[PDB]
Amino acid sequence: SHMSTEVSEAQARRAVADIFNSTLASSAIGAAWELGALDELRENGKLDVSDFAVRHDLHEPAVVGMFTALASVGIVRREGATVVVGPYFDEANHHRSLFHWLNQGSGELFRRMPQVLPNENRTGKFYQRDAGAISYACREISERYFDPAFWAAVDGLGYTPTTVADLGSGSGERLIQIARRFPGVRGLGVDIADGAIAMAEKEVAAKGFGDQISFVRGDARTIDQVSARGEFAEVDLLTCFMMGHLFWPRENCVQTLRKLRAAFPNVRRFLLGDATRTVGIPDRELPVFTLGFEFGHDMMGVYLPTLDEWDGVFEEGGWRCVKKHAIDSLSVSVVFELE
Amino acid sequence: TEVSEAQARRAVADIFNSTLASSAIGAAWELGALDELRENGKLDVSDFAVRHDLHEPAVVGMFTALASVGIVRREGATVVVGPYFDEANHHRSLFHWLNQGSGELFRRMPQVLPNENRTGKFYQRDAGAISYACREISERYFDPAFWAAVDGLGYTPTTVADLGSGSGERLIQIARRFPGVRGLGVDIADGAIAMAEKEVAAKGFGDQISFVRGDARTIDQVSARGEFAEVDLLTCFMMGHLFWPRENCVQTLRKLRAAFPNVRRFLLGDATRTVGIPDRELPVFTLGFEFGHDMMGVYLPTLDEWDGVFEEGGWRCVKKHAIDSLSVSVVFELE
Ligand SMILES: Nc1ncnc2c1ncn2[C@@H]1O[C@H](CSCC[C@H](N)C(=O)O)[C@@H](O)[C@H]1O
Ligand SMILES: Nc1ncnc2c1ncn2[C@@H]1O[C@H](CSCC[C@H](N)C(=O)O)[C@@H](O)[C@H]1O
Ligand SMILES: C[C@@H](C(=O)C(=O)O)c1ccccc1
Ligand SMILES: C[C@@H](C(=O)C(=O)O)c1ccccc1
Ligand SMILES: O=C(O)[C@H](O)Cc1ccccc1
Ligand SMILES: O=C(O)[C@H](O)Cc1ccccc1
Ligand SMILES: [Ca+2]
Ligand SMILES: [Ca+2]
Ligand SMILES: [Ca+2]
Ligand SMILES: [Ca+2]
Ligand SMILES: [Fe+3]
Ligand SMILES: [Fe+3]
């Protein structure tokens, strides 16, 4: 019962006010997550704003602002000095990493819409995002949205692996969680990013897997041109989550898939997981993330393959898709079990 | 408090999408799209992208964000104004302010709230962007009350001073209305001064209107060549809250009094902090203005606070105008 074309002035005032306050609420979701407040509310159901502000050493006027923003749209409810969870808390909290990703992570790009859209401006470094904030968001995105299907695919391997290479390894939590499932297994993360190596080795060292899991720097689209080559022969499980769309355009994907095939010829299973572009979803029925993901990629000039485009690329890439998993529900996201 | 799981999905999806809508409104305003939709009721994105030399897929995204909350509707490459177009287009400059102007502040909420961080230049805003939005906010929301106040001055100014002069447009319009008038702008920012000097010169007012770099809070320290004595009309719009806290405001009001001994009327327009509006009934702007200033550590007075400060500050409020409707905003006529 949504799509009217004609409304009262009163309705339009309220609607436009809501969009405005949604913006502040949106940013506040990610911030309340990162400052601990969404967790207190999840656990205790309620909190005392002054008490919260003191405990965490926060400027209280601004802390009232954050909660009022959440409350302007029903995520929480304010009662005197108390904030309780509101009718929309669970959903918002479930998707809190997506909001963080939108604001804290990608705000700078969406803010500069008017500078970024002009063609004369689109070369070299023409936008900025917060790498550390994205990383922070993508850690929970990976867990909350991709783990079930990732683990489901690991359960369906039909063999117990021995050496697992992970493309776009970032934090290293993927490899680490593998280590624990398959006691003896060794691992080899790969990034095109320097602070991913360090953050990982530190986190690896921090959990007792230093002796096994090592890392490397290299663009995974040209993995043959990476000095770790020699060890790629012993690897019997490849993985690649939240970065496959970078392999594109199509022809560069084909190439990259082919080159990966040769560089890892002992790989039995290759688990590939990513979000895809949607098609034909109606403007007023777009779910969370979809618009953010697609629109931001369109602004960065980065290509986003639809799900069909992935499907029709694997053969030529030198791979066969033997199982496919739908993600709940990070737009249209998928896990492919390739071999 | 009780809703279905599907209502909840939809509402959270709307909040997410609104974020991108909010940002798009300011972009669309800036890039010509809203003006083009006011006139023709429609627009073609291919046509549009081309005319403006913009990356069309990003242009489609922009319009899909606005379509996603009913500001416009899409019919293939044909955008038609939506059910909320008039209201959104009306407040476009407020959305601009929120996102393009003040986006970096609200983005860094996690870094900006911890007291430890609250020293130095702990936040950032886009001066160019903000300035760009305040031009329209000034004209769209304050002008009616502003010109009503000028009509009922009870005299005709000979020399006007404008505090936080910005673009210089207020002084230009004053000169258009009163052709013999001398004009004087104080702004604390070299960039405003330079821009205003430009515009004033370009338009042919270089003789009448001139500018000095200054902090209106300590107006008593601004050299100005003795010209403050000749001023008989004082204007100050959209910066008065920076006089606060209260003891500072009383002081700044006494110093304005003294620096401008021949001012007959002092016209002061600002938005104020509201009280007791229920969370789910906040109108546009109110939350962003208040929340942002709390984040920046800047005091925002209520209207009653303003009313209660004038006497101790050396002035008598003789006329008050309500503004429609930029949160609770007002123009005071002081003497
Ligand atoms: N072409 C490329 N080659 C190697 N690494 C890349 C890359 N493009 C992006 N990356 C890296 O991939 C990571 C994206 S986030 C990775 C999430 C991780 N797979 C997880 O689910 O926990 C970042 O660390 C980024 O630096
Ligand atoms: N202490 C201070 N003294 C003088 N100007 C100040 C100030 N603090 C901020 N400003 C200026 O006040 C302006 C806010 S924008 C308002 C512009 C103008 N009053 C108008 O009606 O359109 C900016 O130009 C800023 O540089
Ligand atoms: C990492 C992020 C992404 O592509 C981006 O931030 O550009 C992403 C990828 C896939 C699913 C969710 C988020
Ligand atoms: C200039 C702006 C403001 O306070 C700010 O940008 O910080 C403002 C003041 C008063 C009414 C509307 C906007
Ligand atoms: O082509 C597809 O639809 C998927 O890429 C993989 C798949 C194919 C056939 C049977 C199962 C999975
Ligand atoms: O105190 C007030 O109410 C206003 O600040 C000024 C005013 C007072 C009386 C008559 C008109 C205006
Ligand atoms: Ca298919
Ligand atoms: Ca000074
Ligand atoms: Ca002087
Ligand atoms: Ca009063
Ligand atoms: Fe991406
Ligand atoms: Fe201000």
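These numbers come from the heavy atoms of this one structure, side chains and all, not from hydrogens, waters or symmetry mates. In listed order, ligands and their atoms are each counted from 1. Letters A, B, ... are given to chains in the order of the sequence lines, protein chains preceding strands, and every chain is numbered from 1.
Only the side chain of B:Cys134 comes within 4.0 Å of ligand 4, counting heavy atoms alone; its backbone N, CA, C and O stay farther away. For B:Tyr141, no heavy-atom contact with ligand 4 is shorter than 4.0 Å. Residue B:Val298 does not touch ligand 4, judged by heavy-atom distances below 4.0 Å.
The aromatic ring centres of B:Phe95 and B:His91 sit 6.0 Å or more apart. Aromatic ring centres of B:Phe289 and B:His241 lie closer together than 6.0 Å. B:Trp97 has its ring centre no less than 6.0 Å from the ring centre of A:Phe20.
Ring orientation note: the planes of B:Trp306 and B:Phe332 are tilted relative to one another, at an angle of 30° to 60°.
B:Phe285 CZ, 3.7 Å is the protein heavy atom nearest to atom 13 (C) of ligand 4. When hydrogens are left out, the protein atom nearest atom 11 (C) of ligand 4 is B:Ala271 CB, 3.6 Å; that is the closest non-hydrogen contact. Protein heavy atom at the shortest distance from atom 10 (C) of ligand 4 is B:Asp270 OD1, 3.3 Å. Nearest protein neighbour of atom 8 (C) of ligand 4, counting heavy atoms only, is B:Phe289 CE1, 4.1 Å. If you check which protein heavy atom lies closest to atom 2 (C) of ligand 4, you get B:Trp97 NE1, 4.1 Å. For atom 9 (C) of ligand 4, the nearest non-hydrogen atom of the protein is B:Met238 O, 3.6 Å.
Under a 4.0 Å N-O distance rule, the pair B:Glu305/B:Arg273 does not qualify as a salt bridge.
Contact atoms of ligand 4 toward B:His241: 4 (O), 9 (C) (distance under 4.0 Å to a heavy atom of the residue).
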Exercise for review: Please step through side-chain contact (heavy atoms from CB on, under 4.5 Å) for the pair B:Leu94 and B:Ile137, ending with a clear verdict.
Suggested key: CA-CA 7 Å; B:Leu94 302 186; B:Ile137 293 168; 4.1 Å; yes
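Side-chain contact between A:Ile134 and A:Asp130 is absent, with no heavy-atom pair separated by less than 4.5 Å. Taking 4.5 Å as the limit, some side-chain heavy atom of B:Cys236 sits within range of a side-chain heavy atom of B:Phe243.
Ligand 4 has B:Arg125 within reach: a non-hydrogen atom of the residue lies less than 4.0 Å from it. Within the structure, the closest approach of B:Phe237 to ligand 4 does not fall below 4.0 Å when heavy atoms are considered.
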